[PDB]
Structures are given as C-alpha cells and as structure tokens.
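First up is the structure itself, then whatever we jot down about it.
Heads up, the Cβs are rebuilt from the backbone with ideal geometry, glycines too, and the neighbour counts pull from every protein chain shown. What is reported rests on the model, the rules as stated and the sources as named; these are not laboratory values.
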Amino acid sequence: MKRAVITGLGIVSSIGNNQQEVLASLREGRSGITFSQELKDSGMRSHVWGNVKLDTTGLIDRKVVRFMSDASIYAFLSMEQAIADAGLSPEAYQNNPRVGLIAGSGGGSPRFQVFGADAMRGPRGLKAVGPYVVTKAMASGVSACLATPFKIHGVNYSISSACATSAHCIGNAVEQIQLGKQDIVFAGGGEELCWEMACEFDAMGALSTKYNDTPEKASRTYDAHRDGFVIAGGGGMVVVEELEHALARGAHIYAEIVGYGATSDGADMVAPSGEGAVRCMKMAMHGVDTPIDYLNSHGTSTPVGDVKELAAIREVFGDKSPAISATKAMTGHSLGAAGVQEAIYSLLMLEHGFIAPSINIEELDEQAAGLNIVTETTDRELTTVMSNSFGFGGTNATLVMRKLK
Amino acid sequence: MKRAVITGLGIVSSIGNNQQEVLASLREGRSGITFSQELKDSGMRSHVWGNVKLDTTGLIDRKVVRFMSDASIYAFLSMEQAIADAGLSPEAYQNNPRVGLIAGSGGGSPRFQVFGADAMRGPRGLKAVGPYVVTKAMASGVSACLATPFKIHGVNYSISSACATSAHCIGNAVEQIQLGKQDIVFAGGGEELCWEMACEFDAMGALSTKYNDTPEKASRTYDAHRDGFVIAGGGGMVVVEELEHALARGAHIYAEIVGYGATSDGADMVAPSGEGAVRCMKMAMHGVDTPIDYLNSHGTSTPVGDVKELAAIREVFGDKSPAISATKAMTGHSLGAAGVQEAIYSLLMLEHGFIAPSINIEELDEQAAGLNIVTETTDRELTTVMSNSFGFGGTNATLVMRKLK
Amino acid sequence: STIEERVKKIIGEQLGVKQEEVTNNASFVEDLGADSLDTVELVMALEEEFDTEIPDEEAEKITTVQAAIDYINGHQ
Amino acid sequence: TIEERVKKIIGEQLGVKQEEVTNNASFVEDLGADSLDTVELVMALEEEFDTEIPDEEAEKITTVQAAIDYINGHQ
Ligand code: NA
Ligand code: NA
C-alpha cells in the first residue's frame, strides 16, 4: 500500500521549545526537570516536573486561543513549527480534503474541568463558567482547536490511549496514507502540566518522591533506586505524507514510517504484561529488512515498568543488540504527548547521526544486564530506529522509522 | 478489499437497557427525557436530561469496576450484551491478537476529575483521592477499562471527536478490517451524565431551558421553537467483523458497513459549515450502488444545527432525499455515545423494517419544507440506511449500513 | 481611566481587534467579528470590569460600542 | 465488633469472607491484593478508625495483625 514519510516536525518540550533546542539538549544529556512550588503547595509528595519553559502570551491570536487549554496551545505551536519545517503554505494544506489532522491528549484539561466546576459552585454560578470550558476540557480539544484555525478539511479526530496516545495518532495517520484517503496528515498531541492532574498520579504512588532536593536526578530509568516517573507537559507534531506527493514537491524527508505496531495486553490495568509489548514490537518489524539500530524505550523510571520492557526487548531481539536509551530520564513523562515527542527525538537521532544518552543510571538494575543501554552521547550512522509507547489499560504502540534509500 | 459487517449489538440508553427495550421505545416514539433535580440543584437553567434508568451499583465485579467511571460502566454493560448477541464464546474472542477494541467518550469523567481535585484540597489531601481516579478520568477510560477485563489482545485505544466520537470509533474499526489487521473489533463508546459536565454546555447556551415543566417535549428537532439539545448519558457497542470470518462461523449479520465518511469543516469551532457535512455524506456514499432508504440525522434540536444539516442533505441528494428522522427528539444527546447508539437504532430499523418517528414537531421549521421527515412510526422494508454524527471542532462522521444478499 | 476607555479596552481585547477598529458606532457582530460565544463572554467581561450585573433583557440590546458605553454610564 | 467490621472492610475491598480473614492472612499472598488495593485498604481503615496512618507505618501493614496494631494498638 502507499508509503508514508515524515516531512516536517515541531515540538515544545521540557528540553527545548523547538527542534534545534531539543537537539542540543539531547546531545548534552540535559535534564528538563525542575522543582515545582505548585506541586508542593497542592500537597503532593512529588515536587518535580518536566515543565515547558516558554511564555506563550500573545503567540496565538485571540479568536483562536480563546478555545484552548495548555495541551492545545503546545500542540498548536508544534504544528506551526511542523508546517514551516515541511515547507507547506496555506494554498497547499488549507481547505484541502486530502489533508487531515489526528492529534490527542491523555487527559483533556483537568485544570479547566475543575475551573468550570469551581465557577459553577461559586457565588456567580453559570455566569462565572463562561462559554469556552467545553472546548478546553473535551477529550478532542487538541484536534478540534487545531483543525479549525488551520482550515483542515480532511480527517479530524483525536486518538487517546493514555501514555500511548500520540504514538497511536501517528500510526493512525500512517494508515490514512496507506488506505489512499489522505496525502498529508498532521499527527501528534499535547498535554497540560498541573497539580489537578498530577496529584491523582501521586495518589496511585506512581510519581517520584525521593529526589525532590535534586530534581535533575529524579527521573532515572533503569537505575536500581528509581521510584516512579516525573510528570511533564508539552506537545509535538509531525507531518505524515504520502511518498510520491512528498517527492513530487521536493520535500525534505526525515524518514519513512516502515512499521507500526498496536496491541493490547488484556491483563493488568496498570502493569504491563510483556507478551503484549513483544507482539507490538514484532508487528512493527514485520517486513522490515534492516536491523533496528536504535530503540527509544518507553522507560518511565517506575520499578514496575522499566525491566518488564527490557525483558520484552530481550525476547524480541535475542542476541541482536539494538542500542537502547530512555529519553524520559532527561525529559520526564509528558503522558499523551510522549509518543510524538519520542518519535521526534528518534527522528533527530536518525537525522543527525547520534544516540542520546540514558542518563542518571548510577547503579544499573541487576535485571537490566546484557543490553546495549547507551549512557553517553554516541555518534553513529543510524539507518532504522524504533520507539515504544505503552499505557494504562494494557495499550501498546511501536513505531519504526527508516532512512529513505 | 475486505468487507466489514455488524454481527452483534449492545446498548444502555435513555430509552432502554438492551436492544429489545430500545426497539419498543423506538416503535412507540417514547421519550427518554426526565426532569433532573441534580441539574436544577447545581444552578443550571436546563433541568432535563436523558438518564439511564438502571442502578448500576454492584453489576460489575468489584475488582473490575474499581477502575471505572460511568462512561466505562455503560460501555462495559453494552459490550457484554454485544458479545452474547454475536454468539462469541470467551475462547472465540479472548486472548486473540486479531480481536480488538476501539471505543471512546467525549469527555472522560468530569465527575471524577472534580472529585479528585476536591479531595486533594480537602483536609485529608492525597489520602482522600485514592488510587483509581486516573483510570476513571483519563480520556481512554472506556477502551482501557474494557480491553483489560475482556482479555483483548488486538488494537486497544479510544477515538474522541466530541459528538462524533463513537461514529469515528466504528469507522476506524471498519478500517482495521479493511487493512486486514483484525478479524473482529468491538466498537462504540459511552458518556457519563452529571452536572459537572452539563453546566459547561448550559454556560454556552447550548441546552434546552424553556421546557423544564414538560421534559418529554424539550428535545424537538426541526420544531420551530426548539431551543437547544437535551443532554443524555449511556453507552453502546457493536461487533465489527470481517465478512468471511462471520460467514464461516455462522454469525447472524445485521448489515454490512458499506460506507464511512470522516471530514473536517476547518471553519467554525461550534457551528457547522455545511460543506463539511456534504463531503462527509458523499464520501460515505461512494461506491454504494443502492439508494439511501432512511437517514438518521444528527439533529440535536439546536436552532443553529438542525437546518444546516438539512441543507447539506438537500445538496447531497437533490430531489431524491431519503426518509429522515431525528431520534434525539426521543433520546436526547448522549455526546460521545451518540454515534454508536444511533448506528444501533438504524440497525434495528433495518432489521425490523420500520422507520422510527421524529417526535415533537409541533410546527415544522420553515427551512425544513419539501423533505420527508417521518413523524409517525412507519413500517417499511429498508435495505440501505445512513447515520450522521457531527461534533464541535468541525468534525464530521457518516456511516452507511446495508443488508447483505 | 474613563468609562469609555475601559469599555473600548475590554471590547478590543475580547474580540481581538485593534483599538482603532473599536469606534463608537461599531457593531460587535457586523463590524467587529463577534460570534454568539463572544457575546456571552463580552457581557461577562463588562460585568466584571464595572462590578455590575446586566439583566439578560438589557444585555440583548448592547449590540454596539456606544450601547455598552451608554449602559455603563447609566448604571453606576 | 472491631474484628467484625475490619473483616468486612478487608472483604469488601478484596472479596473475601470474614472466615478467610485470619490474623496471619496476607493481603497480597492470601487475599489477592495488588498495590492499588493496598492503597485503598489503608484509606478505608483510616476512615473507620478516624486515624491518619503515615506512609512509613502504613508500609508495614500487611496482614490483619499488622493493622490490628492500629485499630486497638492506639485506640
Ligand atoms: Na519511546
Ligand atoms: Na445519526
């Protein structure tokens, strides 16, 4: 079926507000994690987060931003970046039935849902709620708030799958290209960062709490004393495009999406099964005739998750030794935004010929032995890379990206 | 190319807790709308809703329901019904890589996000939140909370697209069959019903407020004095199955999904453009060599939307416009669950040979003249039927369903 | 600031138009691009700015910059 | 009746009869609790005995006995 390539990207993350800043951070092994007075004041045990360090004031026109929560703001700015990076102008991507948008968040906007309820219960009631809460807080906010101002006429919806959300968005976009239904699909996602959402993760015991005095050390995938993930916010967007369309306009092509896995554990609600991830990686590799050179693991820095993913990798690859690194040790876990952001990190590694380090491994977990886990920035000519994303509910996604020719 | 059929239904709705109850309500033109003391007490102007008339307490095993909000409960009960209706034993659909689930909600759980925030800010703080709010409130709750206990091993995610949500879920399920990636995909969705969500629609002026003393007359699509939609909750699920797989196991087949349209207005965030809907219907009708016998309009009972959709129908069909009815005048608007519920109403009409009435048209809108809006239950042999679902953000879905052989 | 300046500031910020477009004759809908949601929010923002409560019947008539100025001047 | 309602709490949390709940019964190894169950069970105990159990002392409640320590160890 039709071939799908990535012709542009955009990103707003804890480790940079565009792809140049992100690339520099990845090369440096730079942490995006800071101390959060907001989280501490809410009463949480985790006081660290991967925050977007950007003043978004006035970056989006009034009539457009009035509808938006932070997830949509981050995604919109990422999409602006990706459009420019792809070389596309309005006559090409606007009012075009062959151009679509698939982009999601894991949680919508907990902040604005709580704002709405608080305003309704306040002394001014309905008049304090205002008319913009539904578009901010609805699950499809990220797609709705972007498809409308960018004049998208093709597909328009959100995929949501917890921490796999934006990976499934990319995979779905590839399917649209494969089915011949669209020439271009903008795919990715966003996630807000706020105590309203983060405290529920703390109440599960899922967040790091032992390292608040040293925030850059708290996210530490594969370290023996990891104690949960560091929550993060941000956005990302990639331009998924049919190959011949891209070639005909002289597009810059980062990579071909040569594999997409999507599977289900059917087992535990919050812990991975392993065989689900194995099937997902294998699905993404079916028909790919080159080895995986680099694997961006989902690797969130939880006791429960990190090593289960490694065992799955061992089963998939055996004696082959794909280089592995967990960029969340630098970036934190941006939830619904994580998949697209990690796809972008992997594309940058592919495009610029290096492996970003898996940082903060002070004592390697005993069960993480025997794998090529890269802990120092390593220059290398990569050809094929893989990125895993998994989520609560046993949902799994894998993307495989490969240089063209 | 692979063909997709529907082999099983399940539904929990304001007009019935299974397909037999729903069938009777549809034939009787019976309203599901009641007065809501909860909405009135919250300070809203709209005091009417389409509530599920079922106490769900204790109907789902404690260890499964601990993760679930109401959207997931309604969808889960619907999926149990659909599995039984399709004649699928656990061995036939569980632990099977070629069996998936795509089901969503429009809003996750406003109730439990607000619960979590209220608890965190109360005297016990984190200890009052507990460990289950994330799975209740996350946007993928409906897929995650079902794929796990039902042992689903294939695709597992949610599509969200405001009021088009579950229609897009069904469409994406069809695509999975067409790509040859799955043999069965359970598709549908659910939506909770609560003031936490409903008050934000009232704040937009989107809900009916002039008919609180006569709840069953408030939802009145195409009536000249309609004044907003009536909010509803519930769930629905359909079994989407590849045709040869269904024939080989002797499945009962309701209909083939012969068309699926998905488009974007790229225009107004809350008001439909019309040309988006025209393209959506045309996309769903492409290659369908039979006329549409019955059209289940999206028809929400808003001044803005009802006749924009009729103008789109006129443009698509010309003088040969199909019989039309708006079942939301009976059921209210269950938001994320609307698409699958209307697919099911349409399938029952197709299976039992009748058109359900468009009720409460006391004075037909001036712009609705010259059409065939059916206002009394009408027995008729239908062969091909169409259902529209539209949402905020300019998102459009159309499904076309046709009897086999 | 004066009532007129405060009203015009609110209108321009709410509707995303430059001050030079917010002339006293201008209609929110026909001249300044307001939709139905903008109308809700604009009444809300005037109520907050001037610590006043505008009945729906009165608010329905506030369709121009001058109408808003006149109302706020007449209801202190 | 401290025993009775503690068994009821544990059994509604986990789905176990009063008899299944023994002094030596393990929430995890005998009564099927996962980590989220354990969080909720500490919650439910704090509600009944109107006490606040710190993370450090909560982490050591693992059978009926480790928690009987609170119910009547303090009250
Ligand atoms: Na990854
Ligand atoms: Na419909």
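What number of residues within the stretch B:317-345 are under 22 Å from B:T378 (Cβ atoms) and in contact (Cβ under 8 Å) with a residue 24 or more places away in the chain?
18
Tell me which residues, restricted to the stretch B:60-98, are in a loop (DSSP other than H, G, I, E, B), over 29 Å from D:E40 (Cβ atoms) and within 14 Å of chain A (Cβ to nearest Cβ).
Within the stretch B:60-98, the first condition is being in a loop (DSSP other than H, G, I, E, B), and the residues that meet it are B:60-61, B:66-69, B:87-89, B:94-98.
Checking which are over 29 Å from D:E40 (Cβ atoms) leaves us with B:87-89, B:96-98.
If the condition is that a residue be in a loop (DSSP other than H, G, I, E, B), over 29 Å from D:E40 (Cβ atoms) and within 14 Å of chain A (Cβ to nearest Cβ), then B:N96, B:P97, B:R98 are the ones that fit.
Does C:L37 satisfy the condition of being surrounded by 16 or more Cβ atoms within 10 Å (Cβ to Cβ), within 14 Å of chain A (Cβ to nearest Cβ) and within 12 Å of the chain's Cα centre (by Cα)?
Answer is no for this residue.
Kindly establish whether A:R124 is in a helix (DSSP H, G or I), basic (K, R) and more than 8 Å from every other protein chain (Cβ to nearest Cβ).
no
Regarding the stretch A:380-389, can at least one residue be identified that is within 16 Å of ligand 1 (Cβ to nearest atom), surrounded by fewer than 24 Cβ atoms within 10 Å (Cβ to Cβ) and among the hydroxyl-bearing types (S, T, Y)?
Just the residues of the stretch A:380-389 that are within 16 Å of ligand 1 (Cβ to nearest atom), to begin with: A:382, A:384-389.
Still in the running and surrounded by fewer than 24 Cβ atoms within 10 Å (Cβ to Cβ): A:382, A:384.
Filter once more, so that each one left must be among the hydroxyl-bearing types (S, T, Y): A:384.
Within the stretch A:380-389 (the criterion being within 16 Å of ligand 1 (Cβ to nearest atom), surrounded by fewer than 24 Cβ atoms within 10 Å (Cβ to Cβ) and among the hydroxyl-bearing types (S, T, Y)), the answer is yes, since at least one residue qualifies.
State all residues of the stretch A:298-340 that are in contact with a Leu (Cβ under 8 Å, 6 or more places away or on another chain) and within 16 Å of A:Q367 (Cβ to Cβ); if no residue qualifies, say none.
Within the stretch A:298-340, A:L310, A:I313, A:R314, A:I324 meet the criteria.
How about the stretch A:174-293: which helices (runs of 4 or more DSSP H) wholly inside it have at least 2 residues that are away from chain B (no Cβ under 14 Å) and farther than 29 Å from A:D365 by Cα?
So the answer is A:243-248.
Determine whether the stretch A:192-215 contains at least one residue that is surrounded by 23 or more Cβ atoms within 10 Å (Cβ to Cβ) and within 16 Å of ligand 1 (Cβ to nearest atom).
So far as the stretch A:192-215 goes, no, none of its residues is surrounded by 23 or more Cβ atoms within 10 Å (Cβ to Cβ) and within 16 Å of ligand 1 (Cβ to nearest atom).
Looking at the stretch B:285-310, I want the residues that are in the same structural domain as B:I361 (by CATH) and over 16 Å from B:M330 (Cα atoms) and have a partner that is within 11 Å of ligand 2 (Cβ to nearest atom) and assigned to a loop (DSSP other than H, G, I, E, B) with Cβ atoms under 7 Å, at least 6 apart or on another chain. Which pairs are those?
Hits for this filter: B:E309/B:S297; B:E309/B:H298; B:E309/B:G299.
Would you be able to say whether some residue in the stretch A:34-48 is over 22 Å from A:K217 (Cβ atoms), within 14 Å of chain C (Cβ to nearest Cβ) and in contact (Cβ under 8 Å) with a residue 40 or more places away in the chain?
No, there is no match, as no residue in the stretch A:34-48 is over 22 Å from A:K217 (Cβ atoms), within 14 Å of chain C (Cβ to nearest Cβ) and in contact (Cβ under 8 Å) with a residue 40 or more places away in the chain.
Closer than 26 Å to A:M283 by Cβ, surrounded by 24 or more Cβ atoms within 10 Å (Cβ to Cβ) and in contact (Cβ under 8 Å) with a residue 40 or more places away in the chain, is that true of A:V230?
Taking the combined requirement at face value, the residue does not satisfy it.
Select from the stretch B:368-379 the residues that are surrounded by fewer than 22 Cβ atoms within 10 Å (Cβ to Cβ), among the hydrophobic types (A, V, I, L, M, F, W, C) and touching a strand residue (DSSP E or B) at 6+ places or on another chain (Cβ under 8 Å) and list them in ascending order.
B:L371, B:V374
Taking the conditions exactly as written (within 22 Å of B:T7 (Cα to Cα) and charged (D, E, K, R)), does B:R314 satisfy them or not?
Answer is no for this residue.
Find all pairs meeting these conditions: Cβ atoms under 6 angstrom apart; at least six residues apart or on different chains; first residue within the stretch B:57-74 and closer than 18 Å to D:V16 by Cα; second residue surrounded by fewer than 19 Cβ atoms within 10 Å (Cβ to Cβ).
That search, which allows pairs on different chains as well, returns B:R62/D:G15.
Please go through the stretch B:348-371 and give me each residue that is farther than 19 Å from B:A255 by Cβ, more than 16 Å from ligand 2 (Cβ to nearest atom) and in a loop (DSSP other than H, G, I, E, B), ordered by number.
Correct list: B:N360, B:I361, B:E362, B:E363, B:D365, B:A369, B:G370.
Would you please name the residue that is farthest from A:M269 (Cα to Cα), looking only at residues in the stretch D:28-65 that are in a helix (DSSP H, G or I) and among the hydroxyl-bearing types (S, T, Y)?
In this case the residue turns out to be D:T38.
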